[PDB]
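> Mind having a look at this structure? Questions to follow.
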Amino acid sequence: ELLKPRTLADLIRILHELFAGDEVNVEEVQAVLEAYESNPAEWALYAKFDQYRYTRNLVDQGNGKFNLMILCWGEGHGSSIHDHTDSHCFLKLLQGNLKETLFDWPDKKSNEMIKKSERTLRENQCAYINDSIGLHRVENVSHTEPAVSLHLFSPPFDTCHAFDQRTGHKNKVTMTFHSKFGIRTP
Ligand SMILES: [Fe+3]
């Protein structure tokens with residue numbers, strides 16, 4: 001029985017219910033995330049930027065089965081092409097716009113990775129990826145506006161792979177946190 005989250009806090013409570021069992025209903029989770037209307041005051045605490053690259057800010061640790069974070073993207077900031085370590089990944093825009101470029105898993109052969117597609121994710125939209133769908137890059141292409149996104153990962157994971165667009169070669173990356181619960185974590 002899915003209800004609209006009134007606030008980020010409400011959203012988080014609802015996520016604990018949704019993940020109360022062993023199986024994830026992806027469409028339900030995506031629906032509730034989308035239904036949350038971004039309110040900058042509610043997440044300002046987590047929206048910590050860095051001048052040179054995008055940041056990952058932990059919001060909620062979940063119930064063992066997921067966690068929830070906020071990512072902050074300066075003008076021109078973006079990610080590698082990457083996977084998500086056999087986890088569900090939900091991405092919702094809270095401010096600005098992000099360009100998401102989808103790539104297929106590379107064949108064993110060293111080849112240029114060619115874009116399957118791209119789309120512009122706009123404020124409040126929720127996108128979903130998992131490894132069975134493919135790989136992606138996410139970028140703030142704006143010259144004038146920062147972007148902020150809300151991400152849900154299930155199960156949680158702290159490692160992933162980055163892919164070189166020229167070759168498809170991957171490298172294992174350990175992902176870090178800029179902050180946890182509003183507290184900067186050097
Ligand atoms: Fe990603």
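Following the order of the structure tokens, chains are lettered A, B, ..., residues in each are numbered from 1, and ligands are numbered from 1.
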Neighbouring residues of residue 16 in chain A were defined as those with any atom within 12 Å, considering only C-alpha atoms; residues of the same chain fewer than 5 positions away were excluded. Please report them as a PyMOL selection string.
chain A and resi 9-11+21-22+24+29+60-68+152+154
> Please provide as a ChimeraX atom specification all residues within 12 Å of residue 183 in chain A, with the sequence filter that same-chain residues fewer than 6 positions apart are discarded (counting only C-alpha atoms).
/A:45-48,56-59,177
> Next, dump the selected residues to file, keeping only C-alpha atoms, as a PDB file, in the first residue's frame.

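What landed in again37.pdb:
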ATOM      1  CA  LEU A  45      22.414  18.998   5.277  1.00  0.00           C
ATOM      2  CA  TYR A  46      23.565  16.287   2.945  1.00  0.00           C
ATOM      3  CA  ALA A  47      24.311  18.483  -0.088  1.00  0.00           C
ATOM      4  CA  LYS A  48      28.010  18.941   0.385  1.00  0.00           C
ATOM      5  CA  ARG A  56      28.602  10.873  -2.106  1.00  0.00           C
ATOM      6  CA  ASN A  57      26.742  11.711   1.068  1.00  0.00           C
ATOM      7  CA  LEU A  58      25.166   8.878   3.143  1.00  0.00           C
ATOM      8  CA  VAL A  59      21.652   9.667   4.335  1.00  0.00           C
ATOM      9  CA  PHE A 177      31.738   8.818   1.336  1.00  0.00           C
TER      10      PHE A 177
END
> Looking only at strand (DSSP E or B) from DSSP on the backbone, list the matching residues of range 32-125 of chain A as a VMD selection string.
chain A and resid 55 to 60 67 to 73 78 81 to 82 88 to 95 98 to 103 115 to 121
> Could the residues that lie within 7 Å of ligand 1, counting only C-alpha atoms and all ligand atoms, be listed as a PyMOL selection string?
chain A and resi 82-84+136-138
> Leaving out residue 109 in chain A and any residue of its chain fewer than 4 positions from it, which residues lie within 10 Å of it when counting only C-alpha atoms, given as JSON, numbers by chain?
{"A": [167, 168, 169]}
> Considering only C-alpha atoms, return as a PyMOL selection string whatever protein or nucleic-acid residues lie within 9 Å of residue 118 in chain A, sequence-local ones (same chain, fewer than 5 positions apart) excluded.
chain A and resi 99-102
> Limited to N, CA and C atoms, could you put the picked residues into a file as a compact mmCIF listing (two decimals), in the first residue's frame?

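Written file, out.txt:
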# COMPACT_ATOMS: atom_id res chain seq x y z
N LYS A 99 22.95 14.12 -17.17
CA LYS A 99 22.93 13.32 -18.38
C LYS A 99 23.37 11.89 -18.02
N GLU A 100 22.56 10.90 -18.39
CA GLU A 100 22.89 9.49 -18.12
C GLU A 100 23.15 8.86 -19.46
N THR A 101 24.33 8.25 -19.60
CA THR A 101 24.65 7.57 -20.85
C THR A 101 24.76 6.07 -20.56
N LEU A 102 24.00 5.26 -21.30
CA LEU A 102 24.01 3.81 -21.11
C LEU A 102 25.00 3.18 -22.03
